[PDB]
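For reference, the structure is listed below as structure tokens.
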Amino acid sequence: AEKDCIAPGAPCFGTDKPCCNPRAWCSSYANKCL
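Using the entry's author numbering, the first residue of the sequence shown is number 1, and each one after it goes up by one.
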């Protein structure tokens, strides 16, 4: 039941969407929001 944005340390890689932070980029390096 996670929100639209990617939670901290959450696998962001998969929805082409960054973290909830307006300056957090995706971290496919380790599949997670950077």
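Don't be surprised by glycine CBs; every beta carbon is placed ideally from N, CA and C.
Nearest C-alpha to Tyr29 among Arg23, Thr15, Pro11 and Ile6: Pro11. Take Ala24, set aside five residues on each side of it, and the residues of its chain with a beta-carbon closer than 7 Å to its own are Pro18, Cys33 and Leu34, in chain order. Straight across, the Cα-Cα distance linking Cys26 with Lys3 is about 16 Å.
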